[PDB]
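Here is the structure we will look at.
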Amino acid sequence: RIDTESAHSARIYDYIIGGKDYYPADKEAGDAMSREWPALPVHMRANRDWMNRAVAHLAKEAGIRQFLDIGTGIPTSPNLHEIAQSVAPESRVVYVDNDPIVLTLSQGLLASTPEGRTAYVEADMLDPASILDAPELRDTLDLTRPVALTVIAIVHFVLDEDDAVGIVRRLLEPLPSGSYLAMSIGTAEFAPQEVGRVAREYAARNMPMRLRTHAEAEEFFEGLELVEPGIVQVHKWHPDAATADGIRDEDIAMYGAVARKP
Ligand SMILES: Nc1ncnc2c1ncn2[C@@H]1O[C@H](CSCC[C@H](N)C(=O)O)[C@@H](O)[C@H]1O
């Protein structure tokens with residue numbers, strides 16, 4: 001089931017940001033993409049760094065102690081639960097992915113603080129019931145208490161015909177007031193030619209992609225209260241000292257946004 005003869009998004013991602021969890025097909029795809037867009041590693045790294053600042057924000061500033069992460073990806077230190085449990089050891093996290101390789105490396109995701117709880121579910125976000133009714137999720141999270149729904153660097157693989165906005169809002173629906181939605185949303189607006197070429201490289205490798213305008217990204221957050229600065233390129237979302245050190249706007253193809261459910 002690993003299917004090493006074709007490229008997979010989690011593995012290309014892991015290859016580009018410096019992990020070992022990839023195969024020849026994934027390196028080949030990554031290298032072809034970087035040829036088209038030399039800033040790919042800056043962008044992919046900035047996304048992963050955005051995840052870290054967003055989770056830190058949620059855990060620390062917003063006091064969220066429960067996370068549901070859709071499209072978890074291959075584990076890479078610090079993982080979301082590691083950031084959340086470092087602020088608050090009792091924090092709970094459910095990780096979810098549909099790439100079989102993630103399950104093989106799930107031990108790192110399950111390595112929780114004793115006070116906290118983590119779980120991993122292999123499931124498709126296009127089937128929210130299989131996620132929401134998952135025993136692993138129900139034994140881990142209390143849906144009557146606030147939950148941060150993290151949907152990071154995944155929605156660009158969800159085409160309009162599947163209603164990405166609907167799928168996301170369906171997952172947020174059972175979460176109570178005070179919950180949050182944090183997303184990173186792929187866009188070609190800042191480097192249309194190079195990002196466009198990379199998107200067609202994913203499409204040519206059976207990984208259809210949907211890049212979005214700022215107005216399309218706003219659709220996900222209708223009725224939710226956006227945390228300032230709203231929907232901005234990820235390197236401009238609550239940056240650290242050196243978060244944008246040598247990063248041009250054209251080198252970042254993700255919007256980042258965090259919002260509270262009223
Ligand atoms: N329909 C689906 N259901 C669940 N996971 C999916 C999916 N489509 C893609 N994915 C997963 O989404 C991940 C995108 S990579 C992003 C990983 C992580 N959220 C991060 O931002 O750092 C991959 O691991 C891929 O396998």
Side-chain angles (χ1 to χ4, degrees), residues 1-3 6-19 21-23 25-26 29-30 33 40-41 43-56 58 67-84 93-106 108-109 120-132 134 136-137 148-159 161-164 166-168 170-171 181-186 198-199 202-203 205-211 234-235 237 252-258:
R1 36 147 40 194
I2 291 299
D3 174 43
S6 301
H8 296 244
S9 67
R11 304 171 204 185
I12 288 168
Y13 181 49
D14 193 67
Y15 164 75
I16 293 305
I17 82 185
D21 296 303
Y22 66 87
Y23 295 97
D26 304 297
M33 290 167 195
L40 190 62
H43 159 81
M44 278 181 167
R45 210 316 97 37
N47 178 77
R48 189 65 178 193
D49 290 342
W50 178 83
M51 182 279 291
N52 300 1
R53 298 195 311 286
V55 172
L58 289 163
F67 300 77
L68 173 55
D69 188 48
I70 313 304
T72 297
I74 288 168
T76 293
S77 170
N79 285 289
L80 184 161
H81 75 278
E82 293 183 273
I83 294 178
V93 178
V94 169
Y95 287 112
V96 186
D97 210 285
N98 71 350
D99 185 331
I101 201 172
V102 182
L103 178 61
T104 71
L105 291 153
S106 59
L109 296 177
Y120 172 79
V121 172
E122 190 181 78
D124 187 341
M125 98 176 309
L126 277 55
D127 185 356
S130 66
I131 293 168
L132 295 168
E136 297 87 359
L137 182 152
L149 179 56
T150 46
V151 185
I152 311 187
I154 173 171
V155 80
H156 59 278
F157 296 108
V158 185
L159 290 251
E161 58 185 339
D162 293 311
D163 190 15
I167 293 170
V168 161
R170 174 65 183 90
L171 289 159
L181 174 58
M183 309 197 61
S184 66
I185 302 168
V198 171
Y202 278 95
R205 295 173 164 89
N206 203 33
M207 295 182 281
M209 187 166 286
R210 178 55 158 95
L211 300 177
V234 295
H235 69 301
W237 193 99
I252 295 306
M254 284 297 182
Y255 289 117
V258 172

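Side chains included, hydrogens not; waters and symmetry mates left out as well; all remaining heavy atoms used. Counting convention: from 1, in listed order, for ligands and their atoms alike. In this chain, numbering begins with 1 at the start of the sequence shown.
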field: Per atom 5 (N) of ligand 1, closest listed option by heavy atom (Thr72, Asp69, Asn98)
entry: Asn98
query: If you count the atoms of ligand 1 from 1 in the order shown, which ones are under 4.0 Å from a heavy atom of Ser9?
result: 23 (C), 25 (C), 26 (O)
- request: Would you indicate whether the side-chain heavy atoms of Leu132 and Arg170 approach each other to under 4.5 Å?
  value: yes
- prompt: With distance as the sole test, does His156 use its side chain to make a donor-acceptor pair with the main-chain N or O of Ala199 at under 3.5 Å?
  reply: no
- line: Between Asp21 and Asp14 the two heavy atoms that sit nearest each other are N-OD2, 2.9 Å
task: Determine the minimum heavy-atom distance between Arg48 and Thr72, stating which atoms define it.
output: NH1-O, 4.4 Å
Nearest-neighbour protein heavy atom for atom 21 (O) of ligand 1, which is reported as residue plus atom name and distance: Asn47 ND2, 2.9 Å
message: Need the ligand 1 atom indices (1-based, order shown) with element for anything under 4.0 Å from a heavy-atom of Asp99.
response: 26 (O)
message: Suppose we measure from atom 22 (O) of ligand 1 to each protein heavy atom; which comes out shortest, and what is that distance?
response: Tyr13 OH, 2.7 Å
statement: Closest to atom 19 (N) of ligand 1 (heavy atoms only, candidates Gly71, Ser130, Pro75, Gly73) is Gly71
message: Using a 3.5 Å distance criterion without hydrogens, assess whether the side chain of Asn47 forms a donor-acceptor pair with backbone atoms of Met44.
response: no
- line: A student checking ligand 1 against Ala123 at a 4.0 Å heavy-atom cut-off should list atoms 3 (N), 4 (C)
message: Counting only heavy atoms closer than 4.0 Å, does ligand 1 sit against the backbone of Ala153, its side chain, both, or neither?
response: both
field: Protein residue, atom and distance nearest to atom 24 (O) of ligand 1, heavy-atom basis
entry: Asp97 OD2, 2.7 Å
- prompt: Going by distance only, is there an N or O of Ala10 that falls short of 3.5 Å from an N or O of ligand 1?
  reply: no
task: For residues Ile12 and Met207, determine if any side-chain heavy atom of one lies less than 4.5 Å from a side-chain heavy atom of the other.
output: yes
statement: Looking only at protein heavy atoms, what sits closest to atom 3 (N) of ligand 1 is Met125 N, 3.0 Å
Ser184 (side chain) donor-acceptor with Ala153 (main chain) under 3.5 angstrom: yes
message: So that I know where these two stand, are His81 and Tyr95 an aromatic pair - ring centroids less than 6.0 Å apart?
response: yes
- request: Check the pair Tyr120, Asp97 against side chain to side chain contact (heavy atoms under 4.5 Å, CB included), reporting the backbone distance first and the verdict last.
  value: CA-CA 8 Å; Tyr120 172 79; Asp97 210 285; 3.3 Å; yes
message: Does the residue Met51 have a heavy-atom contact with ligand 1, meaning some pair of atoms that are separated by less than 4.0 Å?
response: no
- line: Closest to atom 9 (C) of ligand 1 by heavy-atom distance, out of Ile154, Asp162, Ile70, is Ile154
message: Contact between ligand 1 and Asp124 is defined here as a heavy atom of the residue under 4.0 Å from a ligand atom; is it met?
response: yes
query: Given that the side chain starts at C-beta and the backbone is N, CA, C, O, which of these parts of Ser184 lies under 4.0 Å from ligand 1, counting heavy atoms, or is it both or neither?
result: neither
- prompt: So, do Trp237 and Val258 sit near enough that their side-chain heavy atoms are less than 4.5 Å apart?
  reply: yes
